[PDB]
Structures are given as structure tokens and as C-alpha cells.
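In what follows, a structure is listed as C-alpha cells, so that the remarks can point back to it.
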Amino acid sequence: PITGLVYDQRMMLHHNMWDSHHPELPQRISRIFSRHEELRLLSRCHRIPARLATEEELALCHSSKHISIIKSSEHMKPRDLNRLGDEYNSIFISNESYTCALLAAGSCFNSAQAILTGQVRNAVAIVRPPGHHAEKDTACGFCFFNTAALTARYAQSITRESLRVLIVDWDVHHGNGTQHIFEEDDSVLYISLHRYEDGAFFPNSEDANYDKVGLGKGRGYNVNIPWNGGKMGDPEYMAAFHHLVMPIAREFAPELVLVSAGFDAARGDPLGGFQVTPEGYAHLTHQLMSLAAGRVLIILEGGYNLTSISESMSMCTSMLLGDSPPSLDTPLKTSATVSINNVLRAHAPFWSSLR
Ligand SMILES: O=C(NO)c1ccc(CN(Cc2cccnc2)S(=O)(=O)c2cc(F)c(F)c(F)c2F)cc1
Ligand SMILES: [K+]
Ligand SMILES: [K+]
Ligand SMILES: [K+]
Ligand SMILES: [Zn+2]
């Protein structure tokens with residue numbers, strides 16, 4: 290039983306020309322990689338090569354205009370990179386950004402292919418820039434192309450069009466691009482846990498509330514678990530997994546699980562304000578490994594405390610490799628119970644496991 294790992298230092302080339310201390314740092318991925326070496330997890334994994342996504346693959350989720358504009362940034366002068374970046378919500382661009390975005394997606398395509406051909410049981414993708422804020426038509430929030438959404442469509446393209454893909458997004462932010470891309474789709478179940486604060490937390494949209502359940506044939510296939518008024522941590526994420534994430538996922542019966550694995554809900558993150566521990570992330574991984582015959586791909590999204598994300602993602606890989614889950618600790624916060632109950636009332640009509 291093999292675990293795959295994809296990492297390519299070329300993804301470090303994407304950088305902020307004017308602010309070498311911008312939190313979406315090149316060393317985010319090299320630090321996670323280094324911690325895998327230190328814990329001697331790297332030699333336990335099979336290395337899956339990176340590759341470039343093709344423009345035809347990008348078109349599975351993105352418009353030709355959006356592809357064309359990001360592609361043109363490779364040849365832009367600094368003044369134009371600044372002006373283009375400023376046209377988006379929270380985006381910086383360098384001449385290498387397009388290439389790195391292509392490498393992040395292609396890395397995940399190769400990992401999903403390795404899983405779906407039975408070459409590996411599961412895999413981890415240490416990639417940047419992130420993806421889940423990227424929309425069909427636009428970049429957003431450090432994301433150029435929606436790597437997890439593209440990977441789900443790539444998976445369907447090499448298997449069957451209706452392959453059931455579950456995307457669990459535990460990044461502290463709502464994946465607005467992933468929700469929108471699949472909102473009318475019953476073949477891709479999107480479940481997000483996120484800090485919400487009644488729409489005030491980035492990305493600042495009420496699209497992230499629990500009452501957005503999907504559209505058309507996708508009604509019931511979009512599950513938003515929004516947190517309000519609390520520094521959430523392990524007890525709250527475990528409760529959400531017990532009452533919502535796992536009963537829904539088991540009923541959906543996915544054939545592949547992608548994790549939009551941002552680590553900005555971790556203790557110590559400068560932006561998320563939450564306190565999920567590396568042991569917490571290990572237990573979330575271990576639970577998801579019970580789905581889809583173990584076919585799980587963990588895709589790095591956000592997370593900006595270099596030490597926290599390195600320890601947190603390494604613990605997820607340890608679980609993928611079959612290691613025993615570590616001990617967990621602290622009472623559950625009642626505001627989390629309020630959120631969980633709101634999602635139960637919104638989704639029990641669609642999911643008999645919640646009744
Ligand atoms: O992908 C992400 N996470 O993983 C992610 C995506 C976007 C950002 C951008 N931020 C907003 C933010 C703030 C608080 C909590 N969350 C996110 S920002 O950096 O703070 C920022 C603040 C500004 F006031 C501003 F003008 C910016 F241009 C800007 F970028 C962060 C992370
Ligand atoms: K999320
Ligand atoms: K929406
Ligand atoms: K959906
Ligand atoms: Zn995030």
C-alpha cells in the first residue's frame with residue numbers, strides 16, 4: 290500500500306516582487322518538504338512527478354479569457370504585473386506565476402491519476418500557489434486556477450464523467466471558487482468548514498453561509514459549515530466531522546476524496562485566529578481515509594505559520610502512510628454546536644443519515 294508525494298521546488302519561483310515578507314511565501318512548500326525529511330516520512334512515500342497542466346485541462350473549469358490573461362502575465366513588465374494584480378482581490382503576480390499555477394494543477398492531476406490507476410492508495414501534494422478561491426473567470430485570494438476543482442474534473446475525464454468526487458475543504462477560508470464551480474453539480478460534493486463571522490471574515494460573502502445548499506441538480510451537494518464567535522479547534526472540528534462531514538460523505542459514497550487542505554486554521558496562524566492542532570489534522574485525515582476505499586488526495590491550500598503548516602501537513606502524511614492516530618486532548624464550544632445544528636436543519640432534507 291503506497292502513499293504518493295508530489296513536490297517541485299520550481300513552484301517556489303512565484304513571488305511578490307515588492308514584498309519579500311508577503312505571507313504566501315515560496316518557503317511554505319520547502320518548509321513542509323523539509324519537515325517530511327526530518328521526520329523521515331519522505332523516504333516512505335513514492336515520489337510522483339510534477340507536470341504542467343495543459344490549457345485544455347484548465348478549460349475544464351476556467352474561461353478562455355481568464356486562461357489567456359494569466360498566461361500573458363508571463364511576458365509582462367513589472368508595472369503591468371502590478372496593475373494586473375491590482376485588478377483582482379488579493380493577488381500578486383510575477384513572471385513565473387503562470388508556470389507555478391500550471392505546475393500546481395498538473396502535480397495534482399498526476400497524483401489523482403496515480404490513485405485512480407491503483408498505482409498508489411493515496412497521496413499528498415505540496416503545491417503553491419493555492420487554488421480554492423479561483424473562479425471560472427477570475428483570480429482571487431492568492432489563487433490563479435482552482436487546482437482542486439480542476440483535479441476533480443480531470444479525474445472524471447480519465448474515468449467516467451459522473452465519477453463521484455468529494456472535496457473536503459478544511460482551509461479556514463470558504464472556497465468560494467470551488468463552491469461556485471460545482472454549485473449546480475451532483476457529481477462533486479463540496480463540504481467546507483470555515484471561519485465565517487456572519488459574512489465578515491474573508492472572502493466576505495454570504496455565499497459561505499449554511500443555507501447555500503446547491504442549485505438545480507446540485508441541490509444538497511454543497512455543505513457549508515460556518516463558524517461564528519469562537520476560537521475553534523480540535524473539539525469543534527471533530528464534532529463537525531462526527532455529526533455532518535462523515536455521515537454525509539458515507540451516504541454520498543465518493544469514488545475519490547480530494548482535501549483542500551489549507552492549514553490556516555492551525556494554532557499559530559497569523560490570519561486564521563483558530564487553534565486546530567497537528568494531532569487534530571491527523572484525526573481528520575484518518576477519518577477521511579475510511580471513504581472511497583482509501584482514495585484520498587491531500588492538496589495544500591493556505592496556511593501561513595511556517596512551523597504550524599509543516600507540522601500539520603506532515604502529520605496528515607503520517608496518517609496516509611498507516612501510522613496510528615495520536616492522542617487528542621477541553622470542552623466543546625457551544626457556538627460550534629449552534630453552527631452544527633444550523634447545518635443539520637439545512638441538510639437533513641437531502642441526507643437521510645442526518646435524520
Ligand atoms: O488564501 C488565503 N488564505 O489561505 C488567503 C486569501 C486571501 C488573503 C488576503 N488577506 C485577507 C484576509 C484577512 C484576514 C483573514 N483572512 C484573509 S490579507 O492578506 O490579509 C489582505 C488584507 C488587506 F487589507 C489587503 F488589502 C490585502 F490585499 C490583503 F491581501 C489571505 C489569505
Ligand atoms: K474551507
Ligand atoms: K453561490
Ligand atoms: K456540488
Ligand atoms: Zn485560507
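According to the UniProt record's numbering, the stretch in the sequence shown is residues 290 to 618, 621 to 646, in order. Think of the CB as a built atom: it goes at the ideal place given N, C-alpha and C, for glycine as much as any other residue.
Length-filtered (4 minimum) alpha helix (DSSP H) runs lying within the stretch 385-412: 386-405
Integer Cβ distance of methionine 604 from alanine 571, believed to fall under 8 Å: Translated into positions along the sequence shown, residue 604 becomes position 315. Translated into positions along the sequence shown, residue 571 becomes position 282. About 4 Å; that satisfies the 8 Å criterion.
Length-filtered (3 minimum) beta strand (DSSP E) runs lying within the stretch 472-513: 477-484
Backbone CA spacing between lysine 366 and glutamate 525 [nearest angstrom]: In the sequence shown, counting from the first residue as 1, residue 366 sits at position 77. In the sequence shown, counting from the first residue as 1, residue 525 sits at position 236. About 47 Å.
Alpha-carbon to alpha-carbon, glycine 503 and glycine 509: In the sequence shown, the residue the question calls residue 509 occupies position 220. In the sequence shown, the residue the question calls residue 503 occupies position 214. So the alpha carbons of these two residues sit roughly 6 Å apart.
beta-carbon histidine 462 near ligand 5 non-hydrogen atom, thresh 7 Å: Residue 462 sits at position 173 when you count from the first residue of the sequence shown. Yes, ligand 5 has a heavy atom inside 7 Å of this Cβ.
Cβ-Cβ distance between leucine 452 and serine 476 below 8 Å: Locating residue 452 in the sequence shown gives position 163, counting from the first residue. Locating residue 476 in the sequence shown gives position 187, counting from the first residue. Taking 8 Å as the Cβ cut-off, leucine 452 and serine 476 qualify as a contacting pair.
Nearest candidate by alpha-carbon position, reference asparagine 384, set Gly420, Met301, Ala438, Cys334: In the sequence shown, residue 384 corresponds to position 95, counting from 1. Per the Cα distances, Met301.
Cβ separation of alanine 423 and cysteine 429, assumed to be a contact under 8 Å, to the nearest whole Å: As a working note, residue 423 is residue 134 in the sequence shown. As a working note, residue 429 is residue 140 in the sequence shown. With 8 Å as the limit, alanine 423 and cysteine 429 qualify as a contact, their Cβ atoms being about 6 Å apart.
Check your reading: residues with Cβ closer than 7 Å to ligand 4 heavy atoms: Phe471, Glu472, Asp474, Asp475, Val477, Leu478, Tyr479, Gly503, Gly507, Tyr510, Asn511
Opening and closing residue of the beta strand (DSSP E) in which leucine 455 lies: In the sequence shown, counting from the first residue as 1, residue 455 sits at position 166. Unbroken beta strand (DSSP E) run through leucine 455: 454-458.
Three-way DSSP call (helix, strand, coil) for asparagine 305 in this model: As a position in the sequence shown, residue 305 is number 16, starting the count at 1. Note: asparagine 305 maps to coil in three-state DSSP.
DSSP-derived helix/strand/coil call for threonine 606: As a position in the sequence shown, residue 606 is number 317, starting the count at 1. Correct three-state label for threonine 606: helix.
Cβ-based burial, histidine 303 [other Cβ within 10 Å; buried from 16]: Residue mapping note: residue 303 aligns to position 14 of the sequence shown, counting from 1. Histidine 303 comes out buried.
Extent of the continuous alpha helix (DSSP H) run through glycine 374: Locating residue 374 in the sequence shown gives position 85, where the first residue counts as 1. From DSSP, the alpha helix (DSSP H) with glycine 374 extends over 367-375.
Candidates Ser309, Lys501, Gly420, of which the one nearest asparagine 633 by Cα: Position 342 of the sequence shown holds residue 633. For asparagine 633, the nearest C-alpha among the options comes from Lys501.
With 16 other Cβ atoms within 10 Å as the buried cut-off, status of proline 567: Taking the sequence shown and counting its residues from 1, one reaches residue 567 at position 278. Classification for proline 567: buried.
Any non-hydrogen atom of ligand 3 closer than 7 Å to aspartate 496 Cβ: In the sequence shown, counting from the first residue as 1, residue 496 sits at position 207. Result yes, Cβ under 7 Å from ligand 3.
At least 3 beta-carbon pairs within less than 8 Å: the stretch 468-488 vs the stretch 586-600: no
Option in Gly374, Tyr387, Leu373, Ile380 with minimal Cα separation from residue 619: Within the chain, the sequence of modelled residues goes 618 then 621, so residue 619 has no position in this structure.
Where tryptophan 459 falls, given that 16 or more other Cβ within 10 Å makes a residue buried: The sequence position of residue 459 within the sequence shown is 170, counting from 1. So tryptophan 459 ends up on the buried side.
Simplified DSSP state of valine 295, which is helix, strand or coil: As a first step, residue 295 is located in the sequence shown; it is residue number 6 there, counting from the start. Three-state result, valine 295: strand.
For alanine 555 and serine 601, believed in contact at Cβ under 8 Å, the rounded distance: Working through the sequence shown from its first residue, we reach residue 601 at position 312. Working through the sequence shown from its first residue, we reach residue 555 at position 266. That belief holds up - the Cβ atoms of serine 601 and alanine 555 are roughly 5 Å apart, short of 8 Å.
Exposure of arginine 449, with buried meaning 16 or more beta-carbon neighbours within 10 Å: On the sequence shown, residue 449 is found 160 positions in, with the first residue counted as 1. That one is exposed.
Residues bridged to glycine 522 (per DSSP): Within the sequence shown, residue 522 is the residue found at index 233, counting from 1. In the DSSP output, where bridge partners are listed per residue, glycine 522 has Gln564.
Per-residue DSSP class, three states only, for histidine 364: Here residue 364 is taken as the residue at index 75 of the sequence shown, counted from 1. Correct three-state label for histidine 364: helix.
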